[PDB]
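So this one's target_5.pdb, PDB, C-alpha atoms:
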ATOM      1  CA  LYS U 582       7.730  -9.546 -49.985  1.00  0.00           C
ATOM      2  CA  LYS U 583       9.026  -6.423 -48.179  1.00  0.00           C
ATOM      3  CA  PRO U 584       8.869  -2.940 -49.806  1.00  0.00           C
ATOM      4  CA  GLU U 585      11.534  -2.131 -52.393  1.00  0.00           C
ATOM      5  CA  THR U 586       9.350   0.706 -53.743  1.00  0.00           C
ATOM      6  CA  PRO U 587       8.329  -0.802 -57.163  1.00  0.00           C
ATOM      7  CA  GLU U 588       4.668   0.293 -56.918  1.00  0.00           C
ATOM      8  CA  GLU U 589       4.595   2.189 -53.657  1.00  0.00           C
ATOM      9  CA  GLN U 590       6.253   4.823 -51.502  1.00  0.00           C
ATOM     10  CA  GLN U 591       3.185   6.029 -49.595  1.00  0.00           C
ATOM     11  CA  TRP U 592       0.691   3.462 -50.882  1.00  0.00           C
ATOM     12  CA  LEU U 593       1.315   0.020 -49.373  1.00  0.00           C
ATOM     13  CA  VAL U 594       4.212   0.917 -47.042  1.00  0.00           C
ATOM     14  CA  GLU U 595       1.986   3.331 -45.068  1.00  0.00           C
ATOM     15  CA  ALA U 596      -0.645   0.701 -44.203  1.00  0.00           C
ATOM     16  CA  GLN U 597       2.202  -1.785 -43.532  1.00  0.00           C
ATOM     17  CA  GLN U 598       2.800  -0.003 -40.231  1.00  0.00           C
ATOM     18  CA  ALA U 599      -0.906  -0.206 -39.365  1.00  0.00           C
ATOM     19  CA  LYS U 600      -1.235  -3.956 -40.062  1.00  0.00           C
ATOM     20  CA  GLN U 601       1.849  -4.793 -37.986  1.00  0.00           C
ATOM     21  CA  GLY U 602       0.671  -2.333 -35.320  1.00  0.00           C
ATOM     22  CA  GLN U 603      -2.635  -4.220 -35.012  1.00  0.00           C
ATOM     23  CA  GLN U 604      -0.862  -7.595 -34.906  1.00  0.00           C
ATOM     24  CA  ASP U 605       1.485  -6.934 -31.975  1.00  0.00           C
ATOM     25  CA  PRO U 606      -0.991  -6.166 -29.055  1.00  0.00           C
ATOM     26  CA  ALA U 607      -3.265  -9.005 -30.253  1.00  0.00           C
ATOM     27  CA  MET U 608      -0.344 -11.456 -30.057  1.00  0.00           C
ATOM     28  CA  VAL U 609       0.070 -10.750 -26.312  1.00  0.00           C
ATOM     29  CA  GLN U 610      -3.632 -11.573 -25.830  1.00  0.00           C
ATOM     30  CA  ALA U 611      -3.234 -14.910 -27.664  1.00  0.00           C
ATOM     31  CA  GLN U 612      -0.230 -15.706 -25.438  1.00  0.00           C
ATOM     32  CA  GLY U 613      -2.368 -14.599 -22.441  1.00  0.00           C
ATOM     33  CA  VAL U 614      -3.345 -18.193 -21.566  1.00  0.00           C
ATOM     34  CA  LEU U 615       0.355 -18.808 -20.698  1.00  0.00           C
ATOM     35  CA  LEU U 616       0.118 -15.816 -18.302  1.00  0.00           C
ATOM     36  CA  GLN U 617      -2.695 -17.491 -16.304  1.00  0.00           C
ATOM     37  CA  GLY U 618      -0.191 -19.638 -14.372  1.00  0.00           C
ATOM     38  CA  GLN U 619       1.875 -16.537 -13.629  1.00  0.00           C
ATOM     39  CA  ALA U 620      -1.258 -14.872 -12.228  1.00  0.00           C
ATOM     40  CA  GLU U 621      -1.998 -17.620  -9.698  1.00  0.00           C
ATOM     41  CA  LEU U 622       1.576 -17.508  -8.424  1.00  0.00           C
ATOM     42  CA  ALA U 623       1.798 -13.702  -8.234  1.00  0.00           C
ATOM     43  CA  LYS U 624      -1.151 -12.674  -6.051  1.00  0.00           C
ATOM     44  CA  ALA U 625      -0.984 -15.726  -3.766  1.00  0.00           C
ATOM     45  CA  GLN U 626       2.631 -15.197  -2.670  1.00  0.00           C
ATOM     46  CA  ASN U 627       2.130 -11.471  -2.062  1.00  0.00           C
ATOM     47  CA  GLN U 628      -1.019 -12.080   0.024  1.00  0.00           C
ATOM     48  CA  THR U 629       0.935 -14.392   2.356  1.00  0.00           C
TER      49      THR U 629
ATOM     50  CA  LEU E 630      -0.551  -3.225  -5.014  1.00  0.00           C
ATOM     51  CA  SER E 631      -3.986  -3.441  -3.330  1.00  0.00           C
ATOM     52  CA  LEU E 632      -2.632  -5.947  -0.776  1.00  0.00           C
ATOM     53  CA  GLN E 633       0.296  -3.613  -0.031  1.00  0.00           C
ATOM     54  CA  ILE E 634      -1.786  -0.470   0.602  1.00  0.00           C
ATOM     55  CA  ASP E 635      -4.221  -2.525   2.738  1.00  0.00           C
ATOM     56  CA  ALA E 636      -1.306  -3.934   4.749  1.00  0.00           C
ATOM     57  CA  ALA E 637      -0.020  -0.394   5.365  1.00  0.00           C
ATOM     58  CA  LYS E 638      -3.278   0.457   7.179  1.00  0.00           C
ATOM     59  CA  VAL E 639      -2.641  -2.312   9.733  1.00  0.00           C
ATOM     60  CA  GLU E 640       0.887  -0.962  10.293  1.00  0.00           C
ATOM     61  CA  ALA E 641      -0.403   2.563  10.923  1.00  0.00           C
ATOM     62  CA  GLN E 642      -3.165   1.213  13.193  1.00  0.00           C
ATOM     63  CA  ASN E 643      -0.695  -0.359  15.637  1.00  0.00           C
ATOM     64  CA  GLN E 644       1.658   2.663  15.588  1.00  0.00           C
ATOM     65  CA  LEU E 645      -1.241   4.884  16.669  1.00  0.00           C
ATOM     66  CA  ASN E 646      -2.515   2.276  19.169  1.00  0.00           C
ATOM     67  CA  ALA E 647       0.817   2.237  21.020  1.00  0.00           C
ATOM     68  CA  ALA E 648       0.777   6.020  21.453  1.00  0.00           C
ATOM     69  CA  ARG E 649      -2.921   6.546  22.304  1.00  0.00           C
ATOM     70  CA  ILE E 650      -2.978   3.968  25.122  1.00  0.00           C
ATOM     71  CA  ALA E 651       0.303   5.303  26.554  1.00  0.00           C
ATOM     72  CA  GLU E 652      -1.011   8.892  26.780  1.00  0.00           C
ATOM     73  CA  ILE E 653      -4.033   8.038  28.947  1.00  0.00           C
ATOM     74  CA  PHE E 654      -1.983   5.474  30.935  1.00  0.00           C
ATOM     75  CA  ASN E 655       0.423   8.219  32.037  1.00  0.00           C
ATOM     76  CA  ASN E 656      -2.422  10.634  32.834  1.00  0.00           C
ATOM     77  CA  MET E 657      -4.295   8.289  35.196  1.00  0.00           C
ATOM     78  CA  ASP E 658      -1.062   7.229  36.935  1.00  0.00           C
ATOM     79  CA  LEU E 659      -0.066  10.863  37.562  1.00  0.00           C
ATOM     80  CA  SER E 660      -3.446  11.674  39.163  1.00  0.00           C
ATOM     81  CA  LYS E 661      -2.894   9.095  41.913  1.00  0.00           C
ATOM     82  CA  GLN E 662       0.505  10.595  42.761  1.00  0.00           C
ATOM     83  CA  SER E 663      -0.775  14.192  42.746  1.00  0.00           C
ATOM     84  CA  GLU E 664      -3.531  13.689  45.326  1.00  0.00           C
ATOM     85  CA  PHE E 665      -1.169  11.633  47.517  1.00  0.00           C
ATOM     86  CA  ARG E 666       1.099  14.589  48.347  1.00  0.00           C
ATOM     87  CA  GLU E 667      -1.899  16.673  49.432  1.00  0.00           C
ATOM     88  CA  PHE E 668      -3.036  14.008  51.917  1.00  0.00           C
ATOM     89  CA  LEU E 669       0.356  14.094  53.701  1.00  0.00           C
ATOM     90  CA  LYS E 670      -0.193  17.691  54.859  1.00  0.00           C
ATOM     91  CA  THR E 671      -3.784  16.905  55.913  1.00  0.00           C
ATOM     92  CA  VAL E 672      -2.755  14.029  58.208  1.00  0.00           C
ATOM     93  CA  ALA E 673       0.265  15.909  59.600  1.00  0.00           C
ATOM     94  CA  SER E 674      -1.640  18.959  60.890  1.00  0.00           C
ATOM     95  CA  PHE E 675      -4.439  16.718  62.217  1.00  0.00           C
ATOM     96  CA  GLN E 676      -2.062  14.915  64.584  1.00  0.00           C
ATOM     97  CA  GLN E 677      -0.883  18.134  66.266  1.00  0.00           C
TER      98      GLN E 677
END

Can I see the file as structure tokens?
Amino acid sequence: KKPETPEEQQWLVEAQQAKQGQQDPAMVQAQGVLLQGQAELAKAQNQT
Amino acid sequence: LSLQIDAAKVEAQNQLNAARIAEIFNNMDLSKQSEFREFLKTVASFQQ
């Protein structure tokens, strides 16, 4: 919906920052299975 | 980073190994030359 302040200005739009703030680090974790291939390549090449 | 700091220990091991062997190598070589000059005067006076 986005805030336009029709029922809020400290109410909803405060906790908006907290919900989005919780979402962002958890998204990297979900994408973490794509980082498994990057892990196998990284430590193997350096060790050689 | 753990592979890099571990690899730096091998580098420092060889750098020390080149110096430590060379110190005692020069000391034992010098001892053979030092006693040799003393024996020249011993043999010389003995012949007279």

Exercise. Between CA of residue 582 in chain U and CA of residue 594 in chain U, what is the distance, to one decimal in Å?
Worked result: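 Atom-to-atom, CA of residue 582 in chain U and CA of residue 594 in chain U are spaced 11.4 Å apart.
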
Each residue of chain E with at least one atom at most 10 Å from chain U should appear once, together with its nearest atom pair and the corresponding distance in Å (one decimal); atoms considered: only C-alpha atoms; ordering: chain, then increasing residue number; output as JSON lines.
{"residue": "E:630", "atom": "CA", "partner": "U:627", "partner_atom": "CA", "distance": 9.2}
{"residue": "E:631", "atom": "CA", "partner": "U:628", "partner_atom": "CA", "distance": 9.7}
{"residue": "E:632", "atom": "CA", "partner": "U:628", "partner_atom": "CA", "distance": 6.4}
{"residue": "E:633", "atom": "CA", "partner": "U:627", "partner_atom": "CA", "distance": 8.3}
{"residue": "E:636", "atom": "CA", "partner": "U:628", "partner_atom": "CA", "distance": 9.4}

Problem set entry | Separation of CA of residue 598 in chain U from CA of residue 584 in chain U, in Å and rounded to one decimal | 11.7 Å

Listed atoms of range 630-646 of chain E boxed along x, y and z, 8 Å each side, centre and edge lengths in Å, one decimal, as JSON:
{"center_x": -1.3, "center_y": -0.5, "center_z": 7.1, "size_x": 21.9, "size_y": 26.8, "size_z": 40.2}

For this session: Enter the distance from CA of residue 670 in chain E to CA of residue 654 in chain E, in Å, rounded to one decimal.
Result: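 Rounded to one decimal, the two atoms are 26.9 Å apart.
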